[PDB]
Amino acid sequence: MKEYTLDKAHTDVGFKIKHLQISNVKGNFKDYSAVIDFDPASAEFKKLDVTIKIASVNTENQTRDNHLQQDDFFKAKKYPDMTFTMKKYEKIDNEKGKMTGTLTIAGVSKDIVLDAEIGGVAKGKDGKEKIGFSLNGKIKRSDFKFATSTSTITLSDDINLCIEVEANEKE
């Protein structure tokens, strides 16, 4: 035989091991419209109807946003928009209420509840009205038969909706 000595400089005592990491995908939609009827005298919503252009999704990542439009997600070609239609507002107090509405994702419709939190009601600079409110709730992918090919292991069955709205009076 013959005896050798490592050359520490071009030697690597290496290892690889696979692990999982949980992370939140956050995301909004750049393009959407809404009709908002609100009575500041009673802090009740009267009508809230939203249409969102699936195309305008943004999860800060171009290759994912494109993939969201495909058959195994939104199917934007066939179902270009998602809609929410308020059916009922149940006041808790002036800061808080339970909103019940019909959500439609890719042609499937289910009634959801959002927690309305009125974060501020004002008269503006110009003496015309404003409001700032939030709508929060959790919806289940499974309830909408949405992305059914993707396992609830890889991607959570729960989506957390956070609608943050500032809004001004009309005409």
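Residue numbers here begin at 1 and follow the sequence given.
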| item | value |
| --- | --- |
| Comparing 101-109 with 52-60, the one whose average Cα B-factor in the PDB entry is higher | 52-60 |
| Stretch with the higher entry mean CA B-factor, where the candidates are 22-30 and 140-148 | 22-30 |
| Chain third (lowest, middle, highest) by recorded CA B-factor, residue given as residue 115 | lowest |
| Among modelled residues of the same chain, the CA temperature factor third for residue 93 | lowest |
| Cα B factor band for residue 9 (lowest, middle or highest third within the chain) | highest |
| Within-chain third of residue 123 by Cα B-factor, per the entry | highest |
| Third assignment of residue 46 from its chain's C-alpha B-factors | middle |
